[PDB]
Amino acid sequence: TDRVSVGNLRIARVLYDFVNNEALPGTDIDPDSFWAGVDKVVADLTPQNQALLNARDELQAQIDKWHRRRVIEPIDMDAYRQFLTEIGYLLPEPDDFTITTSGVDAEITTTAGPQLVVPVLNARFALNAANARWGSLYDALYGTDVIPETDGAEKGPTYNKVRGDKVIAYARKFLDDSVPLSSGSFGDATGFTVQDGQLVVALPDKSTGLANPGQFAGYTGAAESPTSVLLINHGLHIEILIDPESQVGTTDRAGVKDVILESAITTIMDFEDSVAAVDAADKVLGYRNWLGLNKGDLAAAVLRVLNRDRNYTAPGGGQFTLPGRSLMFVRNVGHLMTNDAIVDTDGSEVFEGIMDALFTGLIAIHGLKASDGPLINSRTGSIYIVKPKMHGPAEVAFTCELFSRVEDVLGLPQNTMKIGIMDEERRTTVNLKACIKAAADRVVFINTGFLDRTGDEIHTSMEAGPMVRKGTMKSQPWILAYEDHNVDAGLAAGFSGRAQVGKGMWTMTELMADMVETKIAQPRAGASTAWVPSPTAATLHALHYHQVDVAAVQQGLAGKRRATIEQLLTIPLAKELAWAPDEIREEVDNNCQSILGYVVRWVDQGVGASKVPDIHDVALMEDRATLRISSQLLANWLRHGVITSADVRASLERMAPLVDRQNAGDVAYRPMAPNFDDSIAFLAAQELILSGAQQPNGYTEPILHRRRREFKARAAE
Ligand SMILES: O=C(O)CCSc1ccc(Cl)cc1
Ligand SMILES: [Mg+2]
């Protein structure tokens, strides 16, 4: 065929060529040695990879049987826990330890703030995310509902001064709250000067300095009329841009044009659940963008490029620089899937996670070298890889061994390849300390991946009985315990000042007032970072890190244990007679709509993340984990007789045209209705639900990938 032979491997040519021509030059890695390394690591680690996947299946079969064999109404927690221990699911917790991970950048070890996640196959989005380190607070306030569109203050086609004024006043208050003046308010400022290394703020009847002069980090322009003033609070920078010759500056009492906030200080470039990549061509598109980001030369159509560092004058008068870019992680795929980018002599596809480590690892070397500017990414010499969907410490150890072996192939120092552990599978949750210990010399974060975690929750106890509704899951005892337990594990392992303790995505992209009002819970909970779906939401979530002293919050949580194993293990079973018929129908429609809405963009257009209108037309930006949840929940309800297979069909058929109409503003869209059996997307949605109970841990990829490939093939013939 078209493939390249390397040992027992047959490498898709598009991949072979990309690596030889694009990825390898400049890494000083001998191309032949590299490919021999690929062959050898794949040969050596494939059996253990398959062994771990089989173990998941066996543990799940035993749990299914445990539930099927009993008919008591309340779960005997003591017996359940004993059983889980006996089968090797719940492992002993190791003695206290402190992570030793080193060579990590300050953005990760020290700085608390928002973290962006973006699909790596979308070059423009990736570039926007990387540039989102600094963002306009005025743009974020004016452009969203954080400033209400009440009478007189609504967005028009052109600039509304009443709205602009609300924006200005909101930000003045932020300034008062974050970097307080000794006396008076920023709301009454008339100017800013730097005198003998001190920030002086002019008021009407007097002048004043900062309550804490140390929050003054610098400025631009002349000290006697700066163009901007740089502040710092809780390690995050705040920049006041001064220019009366600007749209809003002319209206402003101190000539202030904008307030820029340091926002997304880290960004995860995603190869997993926000992208649709099912063959060699898709992986190469992803790898090519990852390469462009690391070499610093990625450029997208509508011409977008990466930002340079930002130049400042220190308070004393000396010069310095700050990073202009969000520090990048890459999220590899997990241990499950294979991909035909490489097959063996049998035609057997190679594990995609192994490939990701080799290739995203190889590619990240460019981020440690000069960009033809200074190097793009890690100044401390680390490569940062988020690893999703791991179950238990053995799976964590395997990943670490994979990274070690890749480090050899790449001629990299051991432990160069750091690991962001997603805690989004129940067997990881209940063995979290052990998972951290397995990666104690590589771990740079843990994060509560809650949509996925809920999917795993449902699949794991699928045989136990009907689960509560999807909307109910977010407030269930198990998940609230999971959230605290994650923080507790991290802090006890010494994450404070060493590694990120992260929480999940705000998915409601247009509900920013709600985000600002409520997402503050996450840093109040001791999280040094949390996920936001866009640069705009990053700028807004930043506010939370100014109001909350995360470092202090973490210090106060030290040595506390706020969740028991019993709480973690509390299965979200719905109570008897929980739902009226109408509520059941709502929930079915809800879930069928969320499956159809997402699947149709995935299968038809290879889009894995977008603003998808939900059943109530609320814009949600969710990755593939939303599919895992909805399909598992419906499968759970079908399994326990809450709904019939005709209910599912009727809902699918009822919701399909609604999704069709929701996609009206898209020229590439093909209506699913009314020829359902001719729509691969519709059939994919159906299959995910009807085959849901039989998918390993409820994973949707084997079905989704097959259907997407099916669509790709039909579109060519
Ligand atoms: O990882 C999980 O389990 C859920 C993460 S939610 C998410 C939404 C959107 C994008 Cl672009 C990325 C992630
Ligand atoms: Mg996930």
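Method information in the entry identifies X-ray crystallography as the source of the structure, with 2.00 Å recorded as the resolution.

1. A few points about the overall build of the chain
The number of helices and strands found in the chain is 25 helices and 24 strands. What you see for the chain is a C-alpha radius of gyration of 26 Å, in line with the 27 Å of a compact globule of 717 residues. Projected onto the principal axes, the alpha-carbon positions of the chain cover approximately 80 × 65 × 60 Å. Put simply, the chain has 717 residues, and 60% of those count as buried. In the form shown here, the chain has an accessible surface area of approximately 27,500 Å², with 51% of it arising from carbon and sulfur atoms. Of the side chains in the chain, 68 bear a positive and 93 a negative charge, and the two mean positions are spaced by 1 Å.

2. Concerning the state of the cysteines
This structure, assessed with the given rule, holds zero disulfides. In this model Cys400 remains outside any disulfide bridge; the closest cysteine sulfur is found in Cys435, 10 Å from its own. In this structure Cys400 comes out as buried when scored by relative accessible area, which is 9%. Here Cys435 falls in the buried class, since its relative accessible area comes to 0%.

3. Topic: the packing of helix α9 (residues 352-364) against helix α10 (residues 393-410)
Interaxial distance between α9 and α10 falls to 10 Å at its minimum, and their mutual angle equals 40°. The angle between the axes of α9 and α10 places the two elements in the oblique class. Between α9 and α10 lies a crossing whose hand is right-handed. Packed against α9, whose contacting residues are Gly353, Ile354, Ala357, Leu358, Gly361 and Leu362, the element α10 presents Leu402, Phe403, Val406 and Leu410 at the interface. Looking at side-chain class alone, the contact of α9 with α10 contains eight nonpolar, two polar and no charged residues.

4. Remarks on the pattern of salt bridges
Opposite charge on two side chains permits pairing when their charged atoms draw close. This model, assessed by the stated rule, comprises 50 salt bridges. The partner of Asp270 in a salt bridge is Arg331, and the shortest N-O contact between them spans 2.7 Å. For the pair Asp270 and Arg331, a shared accessibility class is recorded, and that class is buried. Connected through shared salt-bridge partners, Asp270, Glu272, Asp273, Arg331, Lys389, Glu425, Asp452, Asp456, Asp623, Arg624 and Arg628 make up one network.

5. A few points about the coordination of the magnesium ion (ligand 2)
Only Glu424 (OE) and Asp452 (OD) from the protein reach the magnesium ion (ligand 2) as donors, at distances of 2.0 to 2.1 Å. Placement of the pair is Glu424 in the loop between β19 (417-423) and α11 (426-429) and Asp452 in helix α13 (residues 450-460), with a sequence separation of 28 residues. Each member of the pair, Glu424 as well as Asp452, is classed as buried.

6. Quick look at the site of ligand 1
The full set close to ligand 1 counts 14 residues, and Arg331, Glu424, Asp452, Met621 and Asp623 are the nearest of them. A distance of 2.9 Å is found between an oxygen atom of ligand 1 and a side-chain nitrogen or oxygen belonging to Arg331. Contact with the protein chains hides 99% of the accessible area of ligand 1, taken as 390 Å² for the molecule alone. When grouped by side-chain class, the residues that make up the shell around ligand 1 number seven nonpolar, two polar and five charged.

7. Things to note about helix α22 (residues 625-639)
Taking 1.5 Å of rise per residue, the 15 residues of α22 would be expected to cover 21 Å, and the 21 Å separating its terminal C-alpha atoms lies within 8% of that figure. Here α22 lies mainly inside the structure; 13 of its 15 residues are buried. Immediately downstream of α22, the backbone of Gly641 shows phi near 75°, a positive value.

8. Focus: the packing of α22 against helix α24 (residues 680-690)
Relative orientation of the contacting elements α22 and α24 amounts to 55°, with a least axis distance of 7 Å. When the interaxial angle is binned, α22 and α24 end up oblique. Of the residues in α24, those in contact with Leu627, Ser631, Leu634, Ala635 and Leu638 of α22 are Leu688, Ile689 and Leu690. When grouped by side-chain class, the residues that make up the contact of α22 with α24 number seven nonpolar, one polar and no charged.

9. Considerations on the domain arrangement of the chain
Taken domain by domain, the chain holds domain 1 (1-133 + 263-574), domain 2 (134-262) and domain 3 (575-717). Taking only C-alpha atoms, the centre of domain 2 and the centre of domain 3 are 46 Å apart.

10. Re the packing of aromatic side chains
As enumerated under the stated definition, the model contains 17 aromatic pairs in all. Consider the rings of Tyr287 and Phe359, whose centres lie 5.5 Å apart with planes at 65°: the pair is edge-to-face. Taken as a pair, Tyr287 and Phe359 share a single burial class, namely buried. Three or more aromatic residues joined by ring pairs make a cluster, and in this case those are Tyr16, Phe18, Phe34, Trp35, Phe271, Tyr287 and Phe359. The ring of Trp66 is capped by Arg70, whose NZ or CZ atom sits 4.2 Å from the centre of that ring. Across the ring face of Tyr482, the terminal group of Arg453 is positioned such that the distance to the ring centre comes to 5.2 Å.

11. Some points on the sheet that holds strand β6 (residues 198-202)
Spatially, β5-β6-β7 is the arrangement adopted by the three strands of the open sheet, whose pairing is antiparallel. At either end of the open sheet lies a strand with only one pairing partner, and these are β5 (191-195) and β7 (207-208). Direction of pairing for β5 relative to β6: antiparallel, over a ladder of five bridges. Note on β6: the bridge partner recorded for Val194 is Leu199.

12. A short note on α13
Most of α13 is tucked away, with 10 of its 11 residues classed as buried. When we look at burial in α13, the residues that qualify are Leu451, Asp452, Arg453, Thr454, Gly455, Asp456, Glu457, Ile458, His459 and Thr460.

13. Brief notes about the side chain of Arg331
Along the polypeptide, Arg331 turns up in strand β15 (residues 327-331). Taking the relative accessible area as the measure of exposure, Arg331 reaches 2% and is therefore buried. For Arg331, the side chain forms a polar contact with the side chain of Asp270, separated by 2.7 Å. Setting aside residues no more than four positions away along its own chain, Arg331 makes contact with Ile268, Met269, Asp270, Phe271, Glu272, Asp273, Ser274, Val386, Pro388, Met422, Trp531 and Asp623.

What counts, and at which threshold
- Per chain, the count goes from 1 following the written sequence and can depart from the entry's numbering; residues without coordinates do not appear at all.
- Labels are handed out in written order, letters beginning with A for the chains and numbers beginning with 1 for the ligands.
- Derived side-chain values reflect all non-hydrogen atoms in the structure, with water molecules and hydrogen atoms excluded from consideration.
- Elements are defined by DSSP. Helices are runs of H or I of four residues or more, strands are runs of E of two residues or more, and each kind is numbered from the N terminus.
- It is over C-alpha atoms that the radius of gyration is taken, and the globule rule equals 2.2 Å times the number of residues to the power 0.38.
- For the exposure calls, accessible area comes from a 1.4 Å probe over protein chains only, and a residue counts as buried if that area is under 20% of its type's maximum, exposed if over 50%, partly exposed in between.
- Computed with a 1.4 Å probe, the accessible areas rest on the Shrake-Rupley method; for each residue, only the protein chains presented here act as cover.
- Counted as positive: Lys and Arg. Counted as negative: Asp and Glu. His and the chain ends are not counted at all.
- To locate a charge, the coordinates of NZ of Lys, CZ of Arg, CG of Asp or CD of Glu are taken.
- Disulfide assignment relies on a single distance test, namely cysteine sulfur atoms paired within 2.5 Å.
- Working convention: axes come from line fits to C-alpha atoms, limited for helices to the stretch in contact. Angles between N-to-C directions cover 0 to 180 degrees.
- These descriptions rest on fixed angle ranges, namely under 35 degrees for roughly parallel, over 145 for roughly antiparallel, 65 to 115 for roughly perpendicular, and the rest for oblique.
- Each crossing is labelled by how the near helix is turned from the far one, with a counterclockwise turn of less than a right angle marking it left-handed and a clockwise turn marking it right-handed.
- Pairs of residues are marked as contacts when any of their non-hydrogen atoms sit within 4.5 Å.
- Note on residue classes: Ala, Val, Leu, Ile, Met, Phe, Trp, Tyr, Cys and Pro are nonpolar, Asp, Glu, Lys and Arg are charged, and everything else, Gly too, is polar.
- When a carboxyl oxygen of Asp or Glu lies within 4 Å of a side-chain nitrogen of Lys or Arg, that pair is called a salt bridge.
- Donor criterion used throughout: N, O or S atom within 2.8 Å of the metal, extended to 3.2 Å for Na, K and Ca. Water excluded; incomplete-looking sites may result.
- A cutoff of 4 Å decides nearness: a residue is near a molecule or strand if any of its heavy atoms lies inside that distance of it.
- Any N or O atom pair separated by 3.5 Å or less is treated as a polar contact, with the protein-specific requirement of one donor-capable and one acceptor-capable atom, and with residues adjacent in sequence counted only for side-chain atom pairs.
- To estimate the expected span of a helix, count its residues, drop one, and scale the result by 1.5 Å.
- For the domains described, the bounds stem from an automatic or database domain assignment.
- Only the six-membered ring of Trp is used, alongside the rings of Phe and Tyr, when aromatic pairs are assigned; centres must lie within 6.5 Å, and planes under 30 degrees apart are stacked while those over 60 apart are edge-to-face, with the rest tilted.
- Placement of a positive charge over a ring is assigned whenever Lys NZ or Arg CZ falls within 6 Å of the ring centre and within 35 degrees of the normal to the ring plane.
- Two strands pair under a simple rule: DSSP has to find at least two bridges between them.

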